[PDB]
Amino acid sequence: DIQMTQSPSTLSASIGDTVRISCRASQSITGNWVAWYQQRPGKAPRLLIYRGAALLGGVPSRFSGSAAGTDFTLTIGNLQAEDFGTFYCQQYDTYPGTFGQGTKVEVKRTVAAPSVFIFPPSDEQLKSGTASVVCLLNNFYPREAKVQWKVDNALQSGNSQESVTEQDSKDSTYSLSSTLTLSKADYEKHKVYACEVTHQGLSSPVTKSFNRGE
Amino acid sequence: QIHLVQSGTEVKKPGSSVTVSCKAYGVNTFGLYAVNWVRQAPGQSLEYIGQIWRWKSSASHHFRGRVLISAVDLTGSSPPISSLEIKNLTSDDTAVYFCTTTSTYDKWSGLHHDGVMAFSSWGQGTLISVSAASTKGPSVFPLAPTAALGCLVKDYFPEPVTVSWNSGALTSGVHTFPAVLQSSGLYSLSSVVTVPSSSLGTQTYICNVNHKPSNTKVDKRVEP
Ligand SMILES: *[C@@H]1O[C@H](CO)[C@@H](O)[C@H](O)[C@H]1NC(C)=O
């Protein structure tokens with residue numbers, strides 16, 4: 001099958017910008033049998049351009065398609081609010097048709113360090129036999145962030161999960177949750193619980209912590 | 001104007017089989033439009049499954065022998081319908097399945113190249129979630145305290161749950177995170193709010209949680 005490798009994985013832009021997204025096919029496509037789609041979070045993709053450069057009926061002309069050698073690129077002029085989201089390229093030169101991995105286009109903003117908070121398990125949860133420790137990172141930009149869990153100073157692996165909101169429509173920031181889960185038994189055993197966060201906005205990795213029972 | 005209307009969400013046990021449907025409003029006859037089915041696993045890109053073109057059906061290598069695709073012309077009571085049958089479901093079949101249509105009437109169009117094509121109309125998608133879990137209402141736990149506070153909505157199935165604060169009167173500064181799927185095969189999510197530290201003993205905060213598939217509704221007061 002033909003492989004389509006898409007570039008870059010994410011890019012940040014402003015309203016009114018011109019943006020370029022590229023896709024390299026693993027073989028030449030003489031016929032220009034390539035298509036571009038947009039997908040907004042929660043919705044079905046929409047066809048924007050087909051045959052490399054042809055605009056589908058109803059698609060704004062600020063979208064255009066181009067090709068050179070094995071590379072195909074989508075250009076977006078005068079970037080608009082409804083344009084943000086994820087874009088995919090597709091070859092239909094040879095069976096079966098295949099898609100690129102996709103490109104996320106998000107809103108550019110000044111750097112903002114997360115506000116960081118940590119929540120011990122509630123007494124009600126402890127009563128029901130489980131313990132969840134939650135760390136919150138609120139309203140930060142850019143999205144890239146690392147959070148590590150330490151208990152009794154020991155790095156925690158495989159017992160945590162993270163969740164990230166969509167980029168906020170009004171302040172263009174992200175928020176993120178990390179939840180550390182363990183048995184009521186181990187929770188009651190150890191003393192200090194710590195969330196360690198690293199982010200561009202932070203001159204140095206910030207640690208929020210507590211001692212069980214304070 | 002073409003609107004493709006797919007059948008609703010299904011929750012299916014491993015080993016089971018399912019059939020998803022697509023009503024093609026605005027489509028004359030599948031003699032003039034090809035149907036292509038496509039799926040998208042969560043946080044993944046898109047993958048071609050198979051097609052029916054000129055009343056001739058077929059499936060990609062990865063799905064051959066496991067999938068039947070059919071289409072029938074109808075009128076009056078219903079528009080033309082296509083369906084996709086999938087046998088022996090496993091966890092890696094969990095995804096959003098899209099039905100898709102492309103006119104084949106004009107050979108010169110450039111939407112299609114000898115049966116391989118771009119997809120000009122899309123359905124909303126249907127989620128097929130493959131799981132042995134049985135329906136279960138959540139537990140709700142307080143996340144007690146500019147300060148932050150919230151609610152942990154733990155161990156429910158299936159999606160979705162909805163969360164408001166103070167019956168909807170508090171919306172500014174509220175973040176309700178996408179659910180995560182735990183190792184137990186049950187979901188969990190949290191909802192948080194940031195508030196001024198000053199009002200903490202003056203103002204009341206309650207999260208209203210609704211899980212309709214289990215008919216569960218809880219109202220949890222969150223206190224310092
Ligand atoms: C699944 O289909 C396979 C062949 O694809 C067959 O051997 C098997 O019996 C089927 N499994 C079930 C549970 O029907």
# chains A, B, ... in the order shown; residues from 1 in each chain; ligands from 1
>>> interface_residues(of="chain B", to="chain A", cutoff="7 Å", atoms="only C-alpha atoms", output="number ranges by chain")
B: 45-48, 60, 110-111, 113, 116-120, 122-125, 141-143, 177-178, 180
>>> closest_atom_pairs(of="chain B", to="ligand 1", cutoff="7 Å", atoms="only C-alpha atoms and all ligand atoms", output="CSV")
residue,atom,partner,partner_atom_place_in_ligand_line,distance
B:15,CA,ligand 1,13 (C),4.8
B:16,CA,ligand 1,13 (C),6.8
B:65,CA,ligand 1,5 (O),6.2
B:66,CA,ligand 1,5 (O),5.9
B:87,CA,ligand 1,1 (C),6.5
B:88,CA,ligand 1,1 (C),5.0
>>> residues_around(residues="residue 206 (chain A)", least_positions_apart="2", cutoff="8 Å", atoms="only C-alpha atoms", output="NGL selection string")
:A and (196-198 or 202 or 204 or 208)
>>> residues_around(residues="residue 9 (chain A)", least_positions_apart="3", cutoff="12 Å", atoms="only C-alpha atoms", output="PDB file with C-alpha atoms, in the first residue's frame")
ATOM      1  CA  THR A   5       3.649  10.662   5.885  1.00  0.00           C
ATOM      2  CA  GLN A   6       2.262  13.982   7.014  1.00  0.00           C
ATOM      3  CA  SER A  12       0.246  26.989  16.021  1.00  0.00           C
ATOM      4  CA  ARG A  20       1.241  25.115   5.028  1.00  0.00           C
ATOM      5  CA  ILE A  21       0.709  21.413   5.721  1.00  0.00           C
ATOM      6  CA  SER A  22       2.621  18.801   3.774  1.00  0.00           C
ATOM      7  CA  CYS A  23       2.358  15.121   2.868  1.00  0.00           C
ATOM      8  CA  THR A  86      -7.258  18.613  12.259  1.00  0.00           C
ATOM      9  CA  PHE A  87      -6.371  18.091   8.595  1.00  0.00           C
ATOM     10  CA  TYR A  88      -5.777  14.821   6.734  1.00  0.00           C
ATOM     11  CA  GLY A 100      -1.835  10.599   6.508  1.00  0.00           C
ATOM     12  CA  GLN A 101      -1.547  10.564  10.337  1.00  0.00           C
ATOM     13  CA  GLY A 102      -3.038  14.069  10.431  1.00  0.00           C
ATOM     14  CA  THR A 103      -2.072  17.637  11.347  1.00  0.00           C
ATOM     15  CA  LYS A 104      -3.502  19.611  14.297  1.00  0.00           C
ATOM     16  CA  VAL A 105      -3.774  23.353  13.722  1.00  0.00           C
ATOM     17  CA  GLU A 106      -4.269  25.249  17.006  1.00  0.00           C
TER      18      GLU A 106
END
>>> closest_residue(among="A:8, A:142, A:201, A:85", to="residue 108 (chain A)", atoms="only C-alpha atoms")
A:142
>>> closest_residue(among="A:153, A:7, A:169, A:207", to="residue 137 (chain A)", atoms="only C-alpha atoms")
A:207
>>> select_by_dssp(residues="region 9-168 of chain A", states="strand (DSSP E or B)", output="PyMOL selection string")
chain A and resi 10-13+19-25+34-39+46-50+54-55+63-68+71-76+85-91+98-99+103-107+112+115-119+130-141+146-151+154-155+160-164
>>> atom_distance(atom1="CA of residue 174 (chain B)", atom2="CA of residue 160 (chain B)")
18.1 Å
>>> atom_distance(atom1="CA of residue 3 (chain B)", atom2="CA of residue 38 (chain A)")
17.7 Å
>>> residues_around(residues="residue 150 (chain A)", least_positions_apart="6", cutoff="7 Å", atoms="only C-alpha atoms", output="MDAnalysis selection string")
chainID A and resid 156 193:195
>>> residues_around(residues="residue 67 (chain B)", least_positions_apart="5", cutoff="12 Å", atoms="only C-alpha atoms", output="list in words")
residues 17, 18, 19, 20, 37, 49, 50, 51, 57, 58, 59, 60, 61, 62, 83, 84, 85, 86, 87, 88, 89 and 93 of chain B
>>> atom_distance(atom1="CA of residue 68 (chain A)", atom2="CA of residue 29 (chain A)")
10.3 Å
>>> closest_residue(among="A:71, A:83, A:214, A:152", to="residue 190 (chain A)", atoms="only C-alpha atoms")
A:152
>>> residues_around(residues="residue 27 (chain A)", least_positions_apart="4", cutoff="8 Å", atoms="only C-alpha atoms", output="PDB file with N, CA, C and O atoms, in the first residue's frame")
ATOM      1  N   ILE A   2       0.378   2.359  -0.499  1.00  0.00           N
ATOM      2  CA  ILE A   2       1.128   3.614  -0.461  1.00  0.00           C
ATOM      3  C   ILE A   2       1.096   4.202   0.935  1.00  0.00           C
ATOM      4  O   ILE A   2       0.032   4.274   1.544  1.00  0.00           O
ATOM      5  N   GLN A   3       2.250   4.614   1.447  1.00  0.00           N
ATOM      6  CA  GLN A   3       2.287   5.299   2.739  1.00  0.00           C
ATOM      7  C   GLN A   3       2.300   6.798   2.536  1.00  0.00           C
ATOM      8  O   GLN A   3       3.017   7.311   1.674  1.00  0.00           O
ATOM      9  N   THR A  70       7.201  13.987  -4.904  1.00  0.00           N
ATOM     10  CA  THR A  70       6.326  13.099  -4.141  1.00  0.00           C
ATOM     11  C   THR A  70       5.620  13.842  -3.022  1.00  0.00           C
ATOM     12  O   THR A  70       4.895  13.225  -2.216  1.00  0.00           O
TER      13      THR A  70
END
